[PDB]
Amino acid sequence: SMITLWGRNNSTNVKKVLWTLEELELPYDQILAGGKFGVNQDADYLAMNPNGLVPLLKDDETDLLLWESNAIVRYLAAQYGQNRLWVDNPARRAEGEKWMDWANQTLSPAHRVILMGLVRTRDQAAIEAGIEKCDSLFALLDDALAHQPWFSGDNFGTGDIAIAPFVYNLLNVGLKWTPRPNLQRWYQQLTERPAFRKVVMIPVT
Amino acid sequence: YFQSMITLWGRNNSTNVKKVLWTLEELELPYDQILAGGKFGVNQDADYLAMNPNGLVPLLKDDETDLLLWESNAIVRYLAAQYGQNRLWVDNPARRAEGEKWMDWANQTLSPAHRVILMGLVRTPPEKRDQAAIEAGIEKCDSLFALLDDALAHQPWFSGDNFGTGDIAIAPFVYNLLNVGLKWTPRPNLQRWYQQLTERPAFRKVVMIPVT
Ligand SMILES: N[C@@H](CCC(=O)N[C@@H](CS)C(=O)NCC(=O)O)C(=O)O
Ligand SMILES: N[C@@H](CCC(=O)N[C@@H](CS)C(=O)NCC(=O)O)C(=O)O
């Protein structure tokens, strides 16, 4: 295929890209990379991504080699998702896109505490503190969804793609949270999307 | 009554606010600033939290487009696409992405390392400094500078052929790090780029102010 994706399936950031590719019905070749798969710390990979992280996406059609999951999602949307996942109007686009930055700058670090502490390990305090932080972030997201159906606004979009893989993990590590009805309604609509069920709804490991 | 269509909330010594001030100045857009953050308050008021539940700055209102927007990088990309076509916005998705990745990286990778140093040397007195943490922050930032130096080996700007929003995202952090009394391993491509920035009137106006 013209598109190559490096990354493992149990990565939030890789999931964003796999999910976008599936939503847009784009063909791609996956190369397992990260963790016990290696590849991502090889000299040849570091020449493509000096951070040595996944995902990495190559698009031979546009001579593109791109890292940063959110940039990859926005690229795929603009290039292949016109009138589907790309919002043309800058202001309406921004209202959704802010949630991409927020997903990685605010939600991800709180999520990391839980995924590390519970799944891939423990420090009662640490974790309990991360749970409180995530519960508070869930309150914020619940309010954000009080008057619109999607983080991207009127329609499902790239803000929703950025946030949901983290939320998926947090709702599947045996924890029970304060009920958040707007957030839960939103999550249910994601579970109805075949691409989400395929890519995101897999075991937490 | 001398009021503008764009309102910006935030204090001048914030990296994230600087990105937006700098963009507004590059595009020669009129704006009204409302000081907010730190000792200025405003950002934890109920009225402000209703606009930005994170209670952080910057926040930008654009009355022309009925927009109320937080996240500095999203604000910069908005201004570029709306007001900076053929100046700061790169139309081609792939060529745009090559620059825009550096916006994500600035805030996800550079910012946390910068934060250690800014908090430690600028906003903590010597008697309370964690010298170990600062030294580790310095090591980390020196390694990130090596990465940025290599990235600039074969192109003039993070945004590619021309100055752009990837450059805007990275530079305010680099400015602080170069103005806190530290000497770094030389990085010739990074230094050449930084000098380029110092020749831009909007950068001199907004970014090149005292580190406090
Ligand atoms: N800012 C990057 C973060 C990427 C990242 O942290 N990737 C992780 C997986 S979630 C990784 O490569 N970890 C090292 C490994 O798996 O070997 C992005 O959003 O794409
Ligand atoms: N992710 C946000 C982060 C904003 C942020 O951290 N703002 C800081 C200033 S750099 C702030 O508001 N601190 C609280 C304060 O100044 O009271 C963005 O990029 O705009």
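Proteins get letters first, then strands, A, B, ... in listed order; numbering begins at 1 in each.
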Next item on the list: Answer yes or no: is there a side-chain heavy-atom contact under 4.5 Å between A:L64 and B:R95?
Entry: yes

Margin query: If you count every heavy atom of other residues, nucleotides or ligands that lies below 6.0 Å from B:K101 atom NZ, does the total exceed 12?
Written below: yes

Next item on the list: Flag the one option from A:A77, A:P50, A:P90 with the top tally of heavy-atom pairs under 4.5 Å to chain B.
Entry: A:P90

Notebook entry, point to check: Any residues in residues 5-35 of chain B near chain A, with a heavy-atom distance under 4.5 Å, and which are they?
Noted result: none

Checklist line | Separation between CG of B:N73 and CG of A:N70, rounded to the nearest 0.5 Å | finding: 10.5 Å

Margin query: Around atom CZ of A:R84, are there more than 12 heavy atoms from other residues, nucleotides or ligands closer than 6.0 Å?
Written below: yes

Item checked: Closest approach of B:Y78 to A:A94 (non-hydrogen atoms, all atoms of both residues) -> CB-CB, 4.1 Å

Notebook entry, point to check: With a cut-off of 6.0 Å (strictly less than), are more than 12 heavy atoms of other residues, nucleotides or ligands near CD of A:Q148?
Noted result: yes

Item checked: B:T65 side chain reached by A:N89 side chain, heavy atoms, under 4.5 Å -> no

Check: Is the CG atom of B:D161 crowded by more than 12 outside heavy atoms at less than 6.0 Å?
Finding: no

Notebook entry, point to check: Which heavy-atom pair separates B:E100 from A:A71 by the least distance, and what is that distance?
Noted result: OE2-CA, 4.1 Å

Margin query: Using a 6.0 Å cut-off, check whether atom CD of A:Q124 has over 12 heavy atoms from anything other than its own residue.
Written below: no

Notebook entry, point to check: If every non-hydrogen atom of A:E95 is compared with every non-hydrogen atom of B:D66, which pair is closest and at what distance?
Noted result: OE2-O, 4.0 Å

Note to self: Any heavy-atom pair between the side chains of B:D104 and A:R74 that's under 4.5 Å?
What the structure shows: yes

Notebook entry, point to check: Is any side-chain heavy atom of A:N104 less than 4.5 Å from a side-chain heavy atom of B:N107?
Noted result: no

Next item on the list: Show your working on side chain to side chain contact (heavy atoms under 4.5 Å, CB included) between B:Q108 and A:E68 and close with a plain yes or no.
Entry: CA-CA 10 Å; B:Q108 295 176 48; A:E68 291 302 340; 3.9 Å; yes

